[PDB]
Amino acid sequence: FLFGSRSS
Amino acid sequence: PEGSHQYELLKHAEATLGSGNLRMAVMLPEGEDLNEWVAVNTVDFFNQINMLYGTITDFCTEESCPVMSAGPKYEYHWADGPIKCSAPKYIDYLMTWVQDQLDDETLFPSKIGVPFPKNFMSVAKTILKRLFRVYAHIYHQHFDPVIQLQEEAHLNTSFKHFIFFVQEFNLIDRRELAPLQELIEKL
Amino acid sequence: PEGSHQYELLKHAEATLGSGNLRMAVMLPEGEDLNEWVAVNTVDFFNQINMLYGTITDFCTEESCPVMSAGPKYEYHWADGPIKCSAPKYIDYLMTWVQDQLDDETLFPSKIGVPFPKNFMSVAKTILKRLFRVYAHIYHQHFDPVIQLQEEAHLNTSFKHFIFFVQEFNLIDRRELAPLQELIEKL
Amino acid sequence: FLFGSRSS
Ligand SMILES: [Cl-]
Ligand SMILES: [Cl-]
Ligand SMILES: [Zn+2]
Ligand SMILES: [Zn+2]
C-alpha cells in the first residue's frame with residue numbers, strides 16, 4: 001500500500 | 001477468462017474500437033454489469049500500459065530518471081505515512097501494487113458468478129489514477145525512444161482509449177489529468 | 001505469450017485500431033517478422049469469431065440450419081479424402097480444425113525463438129479462408145439474433161478488421177469473399 | 001483434416 005503525492 | 005462471457009466482453013471492447021468512435025465504443029453495453037465492464041477494461045489498460053512501458057524500459061534507468069517526473073512542473077512521491085524513488089523504482093511499486101489488486105480474488109474475483117466488492121469502483125479509480133502516471137512519464141520523458149521504436153501510435157491510441165474510458169465512468173479526477181491536459185484537449 | 005514481444009505485438013495491433021484507420025493499423029510494423037505479425041492476428045481473429053459465434057449459438061441449431069449456408073446462393077460442404085453437415089456441425093469441424101492448427105507447435109511455435117514453418121503463410125491462408133465462412137453464416141443467417149443481442153458493432157467492426165487485414169497480406173482469394181462482397185465494398 | 005467445397 002502506497003500513499004502517493006504530487007508536487008508542482 | 002474461460003470462454004466466459006467476461007472474456008467475450010474483453011473481445012467486445014477491443015473489436016468495437018476499430019470504428020474509431022471511442023466515445024461510443026467505451027459505453028456500457030445495455031444490461032451489462034457496470035463493475036464487470038470496468039473490471040475488464042481496467043485489466044486491459046494495465047496489460048497495455050505494462051507492455052507499453054516495457055518497450056522503453058531500457059531508456060528508463062536510475063540515471064536517466066532520478067526522480068518520478070511528469071515534466072518539470074510535476075513530480076510524484078511515494079510514502080508509507082517521503083521515500084523518494086527514481087522513476088523506474090516508483091513505477092515498479094505502482095505496477096506491482098496494481099497487479100496485486102488484479103490478483104486479489106476479493107477485489108477482482110476470478111469466478112464469474114461472484115459479485116465484485118462493495119467498494120469496487122473505488123479501487124478501480126485508484127488503479128486508473130495511478131496508471132495515468134505511467135502514461136504521463138512516458139510522454140514527458142521518453143517520447144523520443146517511443147518515436148524511434150514506432151510505438152507512438154500504439155501509445156497515442158492506447159492513451160486516447162484510456163481517457164475516453166475513464167471520463168465516461170468518472171474514474172479519474174481533473175487534478176490527476178493535469179500533467180497532460182494539453183495532449184488530452186488536443187482530442 | 002509471457003510478457004514476450006509477441007504478446008506486445010498483439011496489444012500493439014489491438015490498440016492501434018482505435019484510430020479507426022484500419023488500412024494503416026494492419027500493416028507490418030517496420031522490421032517486424034511477417035509470419036509473427038500474421039500469426040498474432042490469426043490467433044486473435046480466431047478468438048474473436050469464436051466468441052462472436054458463441055453469442056448466437058443458441059440460435060444456430062440442427063433444426064434452424066440443416067445445411068451450411070451463406071444465404072441461398074452459397075452452400076458449403078466437408079468431405080474426407082460428400083458429408084452435408086448442419087451449419088453447427090460444419091462450424092464445429094472448422095473451428096476444431098483451426099484450434100488444432102493453433103495448438104500445433106510445428107505450425108504456431110509456442111516458443112518465441114523458434115522460426116515458423118516454411119509453409120506458414122499457406123496454413124494461415126487456409127485458416128483465414130475458413131474463418132470467413134463463420135462470418136458469412138452469421139451475417140446471412142443470424143443477423144437478427146445479433147441485432148437483439150447488440151453484438152452488431154462487435155461483429156461489424158471485427159469483420160472490417162478481418163477484411164482489411166486479410167487483403168493487406170493476401171490471405172484470402174476473391175472467390176472466397178463472394179458471399180459477402182456486398183457488405184465488403186460497403187466499407 | 002477437412003476438404004472443403006462450396007456451391008451455388
Ligand atoms: Cl496515489
Ligand atoms: Cl476448405
Ligand atoms: Zn523514465
Ligand atoms: Zn446457423
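A, B, ... follow the sequence lines: proteins, then strands. Residue 1 opens every chain.
- For B:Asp80, the CG atom sits in a loose shell: 12 or fewer heavy atoms of surrounding residues, nucleotides or ligands are nearer than 6.0 Å.
- In this structure, CZ in C:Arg133 is found 13.5 Å from CD1 in C:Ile49, a value given to the nearest 0.5 Å.
- Looking at heavy atoms from C-beta onward, B:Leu10 lies out of side-chain contact with B:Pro1 at the 4.5 angstrom threshold.
- You'll find the side chain of B:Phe159 reaches within 4.5 Å of the side chain of B:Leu183, heavy atoms only.
- Under the 6.0 Å cut-off for aromatic ring centres, B:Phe165 and B:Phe169 qualify, their centroids lying closer than that.
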Given side chain to side chain contact (heavy atoms under 4.5 Å, CB included), test B:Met68 with B:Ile91 step by step and report yes or no.
-> CA-CA 8 Å; B:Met68 178 56 202; B:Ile91 293 174; 4.1 Å; yes
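- The number of heavy-atom neighbours closer than 6.0 Å to CZ of C:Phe143, taken from other residues, nucleotides and ligands shown, is above 12.
- At a cut-off of 3.5 Å, with distance as the only test, a side-chain donor of B:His154 or B:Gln48 sits close to an acceptor on the other residue.
- Between B:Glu105 and B:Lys111 there is no salt bridge, since no side-chain nitrogen of the basic residue lies less than 4.0 Å from a carboxylate oxygen of the acidic one.
- At least one donor-acceptor pair under 3.5 Å links the side chain of C:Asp33 to the backbone N or O of C:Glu36.
- Between the side chains of C:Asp92 and C:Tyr53, no donor-acceptor pair is found at a separation under 3.5 Å.
- In this structure, B:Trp37 and B:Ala13 approach most closely via the heavy-atom pair CH2-CB, 3.7 Å.
- Within 6.0 Å of the CD atom in C:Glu2, the count of heavy atoms belonging to other residues, nucleotides or ligands exceeds 12.
- In terms of heavy atoms, B:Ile112 sits closest to B:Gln6 at CD1-NE2, 3.3 Å.
- By the 4.5 Å heavy-atom criterion applied to side chains, C:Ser86 and C:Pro66 are not counted as neighbours.
- Taking CZ of D:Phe3 as the start and CD1 of C:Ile83 as the end, the distance is 11.5 Å to the nearest 0.5 Å.
- Using a cut-off of 4.0 Å between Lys/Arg side-chain N and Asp/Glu carboxylate O, C:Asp44 and B:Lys11 are scored as salt-bridged.
- Within 6.0 Å of CD in B:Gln181 there are more than 12 heavy atoms belonging to other residues, nucleotides or ligands.
- When hydrophobic clusters are built by joining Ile, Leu, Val, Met, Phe, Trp and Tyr residues whose side-chain heavy atoms come closer than 4.5 Å, directly or via intermediates, B:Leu155 is not grouped with C:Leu17.
- The closest side-chain heavy-atom distance from B:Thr126 to B:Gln101 is not below 4.5 Å.
- A pairwise comparison of heavy atoms in B:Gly18 and C:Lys160 identifies O-NZ, 4.2 Å as the closest pair.
- A single hydrophobic cluster is not seen to contain both B:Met51 and B:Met95; linkage of ILVMFWY side chains at heavy-atom distances under 4.5 Å, directly or through other members, places them apart.
- Heavy-atom neighbours of B:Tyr93 OH from other residues, nucleotides or ligands within 6.0 Å: at or below the threshold of 12.
- Note that the CG atom of C:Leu177 and the OH atom of C:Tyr135 stand 12.5 Å from one another [nearest 0.5 Å].
- Of the residues listed (B:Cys60, B:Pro88, B:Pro179), the one engaging B:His137 in a side chain to side chain contact (heavy atoms under 4.5 Å, CB included) is B:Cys60, and it is the only one.
- The cluster map of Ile, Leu, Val, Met, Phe, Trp and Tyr, joined by side-chain heavy atoms under 4.5 Å apart, puts C:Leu28 and C:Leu128 in the same cluster.
- In the hydrophobic clustering of this structure, B:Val26 groups with B:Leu34; members are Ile, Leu, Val, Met, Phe, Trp, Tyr whose side-chain heavy atoms approach within less than 4.5 Å, directly or through other members.
- Side-chain contact annotation: B:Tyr76 with A:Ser7, donor-acceptor N/O pair under 3.5 Å absent.
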TODO: For the pair C:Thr16 and C:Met24, evaluate side chain to side chain contact (heavy atoms under 4.5 Å, CB included) and give the outcome as yes or no after the intermediate values.
DONE: CA-CA 9 Å; C:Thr16 54; C:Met24 318 277 325; over 6 Å; no
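- Using modelled atom types, one finds a donor on one side chain and an acceptor on the other under 3.5 Å when comparing C:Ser69 with C:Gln141.
- Ring geometry for B:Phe162 versus B:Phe45: interplanar angle over 60°, hence perpendicular rather than tilted (30 to 60°).
- You'll find the side chain of C:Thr157 stays beyond 4.5 Å of the side chain of C:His161, heavy atoms only.
- For the pair C:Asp104 (side chain) and C:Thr106 (backbone), a donor-acceptor distance under 3.5 Å is present.
- C:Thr55 and C:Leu149 get closest at one heavy-atom pair: O-CD1, 3.4 Å.
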Worksheet entry | Residue pair B:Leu52, B:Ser158: steps toward the side chain to side chain contact (heavy atoms under 4.5 Å, CB included) verdict | CA-CA 9 Å; B:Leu52 273 168; B:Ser158 161; 3.7 Å; yes
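- A donor atom on one side chain and an acceptor atom on the other are not found under 3.5 Å apart for B:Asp144 and B:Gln148.
- Side-chain contact of C:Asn50 with B:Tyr7: a donor-acceptor pair under 3.5 Å is absent, judged by distance alone.
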Checking B:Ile127 against B:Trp97 for the side chain to side chain contact (heavy atoms under 4.5 Å, CB included) test, could you report, in this order, the C-alpha distance in whole Å, the side-chain angles of both residues, the deciding distance, and whether it holds?
CA-CA 9 Å; B:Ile127 292 168; B:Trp97 183 88; 3.7 Å; yes
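- Under 3.5 Å, the side chains of B:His5 and B:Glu32 contain a donor-acceptor pair of N or O atoms.
- Using a 4.5 Å heavy-atom cutoff, the side chains of C:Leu171 and C:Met121 are in contact.
- At least one side-chain heavy atom of B:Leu180 sits under 4.5 Å from a side-chain heavy atom of B:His140.
- Side-chain contact between B:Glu176 and A:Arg6 is absent, with no heavy atoms from C-beta onward closer than 4.5 Å.
- Here the OG-CG distance, from C:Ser110 to C:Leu102, works out to 12.0 Å after rounding to the nearest 0.5 Å.
- Residues C:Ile147 and C:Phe59 are members of one and the same hydrophobic cluster, defined by side-chain heavy-atom contacts under 4.5 angstrom among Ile, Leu, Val, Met, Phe, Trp and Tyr.
- Rounding to the nearest 0.5 Å places CG of B:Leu94 at 12.0 Å from CZ of B:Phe132.
- Note: B:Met27 CE to B:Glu168 CD = 6.0 Å, rounded to the nearest 0.5 Å.
- The aromatic ring centres of C:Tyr90 and C:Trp78 sit less than 6.0 Å apart.
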